[PDB]
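A single chain comes next, written as structure tokens; it is the form deposited in one PDB entry.
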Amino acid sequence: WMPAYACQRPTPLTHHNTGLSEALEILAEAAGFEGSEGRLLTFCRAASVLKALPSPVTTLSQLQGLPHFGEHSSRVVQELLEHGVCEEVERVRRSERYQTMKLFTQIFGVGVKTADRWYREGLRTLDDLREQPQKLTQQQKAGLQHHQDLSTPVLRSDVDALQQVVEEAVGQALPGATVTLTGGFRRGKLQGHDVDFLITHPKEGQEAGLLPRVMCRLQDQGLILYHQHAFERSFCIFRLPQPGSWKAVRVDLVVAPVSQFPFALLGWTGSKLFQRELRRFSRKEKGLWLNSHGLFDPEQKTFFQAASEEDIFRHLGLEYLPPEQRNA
């Protein structure tokens, strides 16, 4: 009675198998660092299955019949249950390759392919990167300059303050436009790496051209430490007040027309695995194509209208899950 797709089952933020899921997610991350997207997906899916269980796994027996647990993931769990550590996981953790790829990929502007190239060139530390800055993109220069602040968690107190300043700019840019908190905070997280906001307007079409107007106003208020600048997604670094000072915070701003707002809200609320699984479910089980703009029936060549996330779950024949249960 464990469904195979993560979007078919509630996954709360906190659960009963934290240590086991964390170990599998190390292997998933390492698989991604080597370009093994299929193995990354299986380890992520197996980890997420454990997050959805109603109690702790105490015996290997309890994995039988669970989807995404075969010989490899079962052996990892068996060793953690019997010995408290998995040798494979500890070897990954200790490896120079894992540690450096993790360090490099957590820089804003650096992905797996860039990190891997730097690794092969012999680079290992952030100061190694700062010693050859003409090699860096301006986005990477920003990510490196701000790396320390961006490594500090954002608190829910921080979010409320940023939401207020974003609403002020949005209101001047387009009266009546609204700002909705999305991402991990909408799933109930008390901390985050960034803050995600979704912007729309109740009159279809009025949101066209909005984001440049919003960003120009935030920049004029001195709040933008970095951004890339027609566009509809902005990946920014904001100045957030602190006692006697301030800190840099990643903020994403997205604009959607109100007709697409439920699809954008669903996508930007995540989790990442939940959205991948939902889109896979849509296509492979229902023959419908889902993204953050809409839901397409490729046979009738028609888009589904949705007025709510509830509509979208119903369209897909899935029982509704609130954001707090999408923590796959």
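For every residue, the number given is its place in the sequence shown, counted from 1. The term rigid core refers to the maximal set of C-alpha atoms that superpose within 1.5 Å between the two forms.
- Coordinates are absent for 10 or more residues of the deposited sequence placed between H229 and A230.
- In this entry, the higher average B-factor at the C-alpha atoms falls on 68-76, of the pair 246-254 and 68-76.
- In this entry, 300-308 has the higher mean Cα B-factor, the comparison being between 14-22 and 300-308.
- Within the listed group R186, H147, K102, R94, the record reports its top CA B-factor for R94.
- The residue among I107, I224, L126, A115 whose C-alpha atom has the highest B-factor in the PDB entry is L126.
- Ranked within its chain, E90 lands in the highest third, by CA B factor from the PDB record.
- Residue-level temperature factors show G267 in the lowest third of its chain, judged at the C-alpha atom.
- When all modelled residues of the chain are sorted by CA temperature factor, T58 is found within the highest third.
- Sort the chain's modelled residues by C-alpha temperature factor and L321 lands in the lowest third, per the entry.
- Per the PDB record, residue ranking by Cα B-factor puts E34 in the highest third of the chain.
The discussion below concerns the form deposited in another entry, not included here.
- Once you line up the core between this form and the one not shown, the CA of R213 is the only one from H72, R213, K203, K102 that shifts by 2 Å or more.
- In the core-superposed comparison between this form and the one not shown, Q300 has its Cα shifted by at least 2 Å.
- Once the cores line up, the CA of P175 ends up 2 angstroms or more apart between this form and the one not shown.
- Once the rigid core is overlaid between this form and the one not shown, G222 counts among the residues whose Cα shifts by 2 Å or more.
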